[PDB]
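Coming up, as structure tokens: structure 1 and structure 2, two forms of one and the same protein chain.
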Structure 1
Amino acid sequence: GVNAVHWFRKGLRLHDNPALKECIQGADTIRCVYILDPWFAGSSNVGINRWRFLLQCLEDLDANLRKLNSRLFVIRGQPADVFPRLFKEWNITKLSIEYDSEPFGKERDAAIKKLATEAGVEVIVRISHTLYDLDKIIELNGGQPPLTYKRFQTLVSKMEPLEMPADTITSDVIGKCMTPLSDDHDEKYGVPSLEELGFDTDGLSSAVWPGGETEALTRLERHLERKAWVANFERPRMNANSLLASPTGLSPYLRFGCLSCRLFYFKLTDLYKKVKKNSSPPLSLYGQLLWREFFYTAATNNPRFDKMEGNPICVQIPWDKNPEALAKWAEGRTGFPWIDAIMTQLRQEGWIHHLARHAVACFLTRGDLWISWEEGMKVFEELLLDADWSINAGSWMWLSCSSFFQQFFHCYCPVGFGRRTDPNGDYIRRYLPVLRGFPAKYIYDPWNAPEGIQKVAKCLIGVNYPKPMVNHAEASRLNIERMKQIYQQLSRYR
């Protein structure tokens, strides 16, 4: 019969999946596949929390497919290796994917599309990771993506209204389409565990950010209620509680496709109309989505978007190379408790607040260590659940004054910012247990504590907790000057 395969990469959901919906139509069998390669050299920089989040998305998908009399098929290897075999073994005639705007993904998908054509397989591609056809936004701007958010906003408002989300894949939608299943499915196609990827899990705490569509859809409602409670759709002022992972947080779910950006858009729209009594919302309502769309648009036609050299939009700043200073930053042993707490939260949980990101990124790059944004990007890629190629590269260039016309950022103080955010130091004591004995007077600068205070705290600076790795006052003075000199002669660095 007509045997269809839908290939999950992002778009890890059954709601608003136009590619899956179209593939099922007119099909006699359907098999949803995810191609997992945990040992791939290109994925050697993926950390354990990202693996766990992915696996939990896959377990969620498999569970929801069970309800529809189907299963997720997890295939190990590379797509170019496995898809020729699958086409023959399953007699496939249709293959669907959600479109991938990222340069490497466009190259991969063009190769699979050629393999599918060679084997007599129809390919269905549908845009749903982003709100818009990014190529149309670029054409509206004259052929190049915009590099300012205000310009991007102007372009977005000129696009045609969003189409309605695709119907959720239910049993009624699946209809006559069935999924052939084997008694040994779990053994041959099951979702692997962390231990099957080679990871120890002994003593590992439960995920602060559980993966999956089901979780994403619950959080969507919490997110909307919080904005309804305050009748304000702008992003809120950060306080110390904002540093903690929130049950309203959506960013990892948008990154993996657990939550449709278009569903988020219409839910926001309907809530604004009800609360504000206005059919015409401001574009600020969609801020989180449009900043995301902005960096996707800037990245799609730039294969060196994640590099400095050979990147047409990036200022060529002479960053220092310092592997040992970089490692102290990445491992949260800088000796500045505010910085180490943030880097520890990041490593332990996979998410940190936007201003916390500014803080640690300023320290690494333009503020204290003068290390390339490319290196902070790589660490965030390993640890940050909501980091993807486009967002991660774009944000690291933004904050390092390397692109997007960004210049005189505030130079964050690795002591004063934390003290002003959380004067009592609860955030420090939560993520840095060894410092719990320090009073608030010294919690952000423990090297200033008298010896008697350190001894009572059972934490000797230089032994139980590191000395500060730099003199922030001198280092920031020199780096502020270096960045001033670069922008005094900016064209010299194009």
Structure 2
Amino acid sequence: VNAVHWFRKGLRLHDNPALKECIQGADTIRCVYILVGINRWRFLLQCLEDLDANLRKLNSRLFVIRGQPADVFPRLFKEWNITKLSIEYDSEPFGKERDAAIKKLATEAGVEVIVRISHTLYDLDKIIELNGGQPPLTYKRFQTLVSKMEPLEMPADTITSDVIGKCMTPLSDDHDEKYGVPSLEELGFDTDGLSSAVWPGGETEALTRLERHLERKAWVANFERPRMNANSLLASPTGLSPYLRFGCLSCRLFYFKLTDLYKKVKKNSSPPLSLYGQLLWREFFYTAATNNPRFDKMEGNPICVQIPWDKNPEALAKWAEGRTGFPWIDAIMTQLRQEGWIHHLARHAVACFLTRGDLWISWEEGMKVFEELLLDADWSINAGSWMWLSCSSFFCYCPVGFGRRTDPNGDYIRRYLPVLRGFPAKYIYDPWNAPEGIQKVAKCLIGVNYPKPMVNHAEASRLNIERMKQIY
């Protein structure tokens, strides 16, 4: 009995029911990964390095194979005498299609195919069945449906030496050269001058962050949402969203640990669904997207309102490169490109600026940039959020003033836009109003070193509010 587990998401040894089932009764086990901005690639490679290091602790290794799954697996079936193939289920339409092709190939070759749901809290198809064959398109209806779902089963036991037992991994002395985790440089990325990631990849990092997150949520929040402060825009050591997207952290483990901690602090009380809002919003979008192959499109998407967005390549590139001339917007887009995560409030600000608020550019162009740059931009959640914020499905931020109340000194701007550090707080959000003398001392002339504002926000927002009303 030769077992292979195929990692795609679920890049972890904890709560991996497909991997545990695959090892059961197996003589041999091999785990494979078969191989977007530089930050996303880097995070992925660090997840794989961490997987390899943790498999080494079990006297195993990760097998990274370059090629296409349809080509690689038939050769692997014969070469490794594979009797069992396991995957974590992928609900996303492109993933479902690819997995159906591999399942047929494996089944025809006499390979047992193990598929287990562990990327989401629930079986999304069962939610859709409870709703009469269509996904819920409102969060309240989704929550009503979740309330009627069966209590979630406990997380699978972590893959340990005891679980592996006598199952072994055949290895060669040339493993690193033939199956090693590639570097960014091997993939052709220019890494000259790249600094260390603000978001280290991998399950080990994810699990330490989960423990910190639970401790602050239970005792430092009384299980409530705390107020935002100046530093809330900066990457948190408790942030989990990239780890949930790549599968370094099980959403089911998070759910159980959160419930158990609530039960300890609130004796024998069951928590309100608001306690799981981040996980539930994530499920809602996965459920909405699973049967819609055009979820990320306007045309051909039955749930999306068709709106005549402008085509403006110059405006879009300015937005994407953080050259709008509004430092608050430009600072966010700069943090997005440099680090791969920005706060939800920051996402709303720049998405509104691009779509309904200022530039009137399609939400698809905003989604594609976020897809390249955001570590936690799962296809379903990214597309659904952009449609939601643009008033394109599911039924105005000032680009100058909004940030100042929580960040009056403009410390966030200064962190990410060094060209503006010379400006006093009076002008840091609106430097085009700084006198020439201030610009000269700051060594930043507006229109020269830093661009003038690309639009008049008051006039642009007014026209766009009118356009949205006329559409609706």
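All residue numbers here refer to structure 1's sequence, counted from 1. In this text, the rigid core denotes the largest set of C-alpha atoms whose superposition between the two forms falls within 1.5 Å.
After superposition on the rigid core, the single residue among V230, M159, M164, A110 whose C-alpha moves by 2 Å or more between structure 1 and structure 2 is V230.
Aligning the rigid core between structure 1 and structure 2 leaves the CA of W319 offset by 0.4 Å. Aligning the rigid core leaves the CA of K176 displaced by 1.0 Å between structure 1 and structure 2.
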